[PDB]
């Protein structure tokens, strides 16, 4: 006997501004770091970039009408900081705020709850030029000025807010792997920037309690729960290391305002622990979120990694299955294929039980409500004549994950909502357009924008039925 989904459960779908909007230089928008980075040769697949994307900026009315036809309860999107502050911290661009105002008005006139993400990786280039963006404490008050601008303009109409989207990804990809802007490969700088971003998160949650006292706010963590390979004691110790180093390192700061000690000590032994200023711990501890945002796609299984062992691994960027290789931290852990689950063509594990495990771990450790801000299947889709897209593979992935959400609710996890990634097809940051996540197919590829026409996939009508039945019929 499963509990039903609660009556106001937020059945949602999501996007991110750079991936969807286009209009990269219109109506006074400034350069973001992704505008510049994606135009550097070799940074993105086939040189794809966000100049046009799927042109949601001009076509948002059509898109919102499709959300209404689906019956979406909530739509999660991000605000492009460079539309609001073209130089990051000077005068406000009213035309930029006016777009999100038009968008929010369209959502509310169709009965859709907006979920506003403050930051989805697109800090204005001018802040990078001025002081190195997230690597400088100057960004704390600059991010706060931007957040409060949005809180005052939209707080009357937006109850749910997300601060930093996947801080662990944009910080580690931007400063450890050099795959995202600023393209840096330096663990010391990575953890310095990470600490500053923690302070920025805490500062804007504090501001939120003043400006939107009736709202709900949280960060959105990119959560891959760790498994040990087996019961070998060295592999369980690897799992202890991996879950602390990869997940607690962020979620403990979010929930408790404290870094975990074993990870901190290991970083200290390497001269990598961040610089802490007077007042830092007090700010971080006093910034309790209303929920933990969870972006979930897969679990990760780990095993013992000797001190001379695996470091950076090969990432599957192409869609050719079986090409990923182990990555880890020498002396602590390394990843290994989970032999008890299947994987997508990009070698991502398909593990819906893992979502129940992840939701259970967050409840058990932090006692926080969870808003699932991203979950989805990225796959090639074929457009069949008749504008038909039979994505049963996507339906099956979403179905099994939503099922495990309900088992987690029945366990007692307070889950506020579920945002499928993504509503329409959109630009992937590094992999172009072919790896599609949408309920709504967008007619374009890596070579041509074609006509960008929207085509409802089979999963569109499946999710429409899920929402109509509040998830009783999956």
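Just so we're on the same page, rigid core means the largest C-alpha set that superposes within 1.5 Å between forms. Positions refer to the first chain, counted from 1.
Of 117-125 and 312-320, the stretch whose C-alpha atoms sit farther from the shown form in 4 other deposited structures of this protein, after fitting on the rigid core, is 312-320.
Larger average C-alpha displacement in 4 other deposited structures of this protein, relative to the shown form after a rigid core fit, is seen for 442-450 when comparing 413-421 with 442-450. Note on 304-312 vs 238-246: mean CA B-factor is higher in 304-312. Relative to its counterpart among 30-38 and 66-74, 66-74 has the higher mean temperature factor, C-alpha atoms as listed in the PDB entry. Of all the options 142, 374, 381, 122, the entry's greatest CA B-factor is assigned to 381.
For the set 49, 443, 431, 422, the maximum C-alpha B-factor listed in the entry falls on 431. Sort the modelled residues of the chain by CA B factor and residue 60 lands in the lowest third. For residue 466, the recorded CA B-factor ranks within the highest third of the chain. Only modelled residues enter the ranking.
For residue 321, the recorded CA temperature factor ranks within the highest third of the chain's modelled residues. In this PDB entry, the Cα temperature factor of residue 109 sits in the top third of its chain's modelled residues, the highest group. When all modelled residues of the chain are sorted by CA temperature factor, residue 178 is found within the lowest third.
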